[PDB]
């Protein structure tokens, strides 16, 4: 009965494991915090995979393999996480294929989470049938994935599409990658979470009709007329938009898909920045918000569904 993939997504905050059908339905999803150390992370990945596999049988899903989405630079051919920013600590030169395949007796695929988001958009989303498109995924950090001639660009050292580390300032705010001025350092969930705490420190966030502060408190305060939070979100969205201009002037994709919970909040500013600053010849670019609920996780599943 139902042909399915096991999908794993390891982000800067959450570790999720899901049973996903051929058709891109999430049958069941398990969620935990991503642990901070390697030993706990690998054990929890395995514990959650074994449990999902046992539930898949009770749900009458036939698991065909495991696909893993992860932050960090990844060698997909060897199923190895090569290097991670400190958003995921202790996550360097890690062979994920061997332990998962030995424990579960399944084939294992691995890729960067932004590259998985791209794979999801190509198979189940608005990238379907397109020769070239780019996706930018806002979560804790900002991920990217690039499709060119229908296929991912991985780069000569698996570092293509690290689009959160597009730099749009000569100075600008520090990034967790160790640089500064990265679009991630302006616009990611953790960057807005930081700015929200800053405001709230000076008691300058909460406004009439409001009450773990974070991004959505900043957005909710701007909608309700807070001038300094609007400004912060404008700077953030402008930075993201300039990151998008660089992509347009680099790859010139026909479509840019923004996903993650911040996507809806940024789209209108990104389109304004393109209009105001990009070359005329890229003005026909389509910029949309993703119609998928969890691109990374669906993308991890798509590696299994397409290549098994």
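Residue numbers count along the first chain shown, from 1.
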Exercise. Which class fits the unmodelled deposited stretch between residue 211 and residue 212: none, 1 to 3, 4 to 9, or 10 or more?
Worked result: 4 to 9
Seminar exercise, completed: With B-factors read from the PDB entry, the higher C-alpha mean of 54-62 and 23-31 is in 54-62
Exercise. Between 41-49 and 65-73, which has the higher average C-alpha B-factor in the PDB entry?
Worked result: 41-49
For this session: Determine which member of 78, 90, 184, 121 has the highest CA B-factor, using the values in the deposited entry.
Result: 78
Exercise. Which is it among 132, 157, 138, 115: the one with the largest CA B-factor in the entry?
Worked result: 138
Problem set entry | Assigned third (lowest, middle, highest) for the C-alpha B factor of residue 231 | highest
Exercise. Lowest, middle or highest third of the chain for the C-alpha temperature factor of residue 111?
Worked result: lowest
Seminar exercise, completed: For residue 294, the third of its chain by CA B-factor is the middle
For this session: Name the third of the chain's ranked CA B-factors that contains residue 283, choosing lowest, middle or highest.
Result: middle
Exercise. If you rank the chain by CA B-factor, which third does residue 305 end up in: lowest, middle or highest?
Worked result: highest
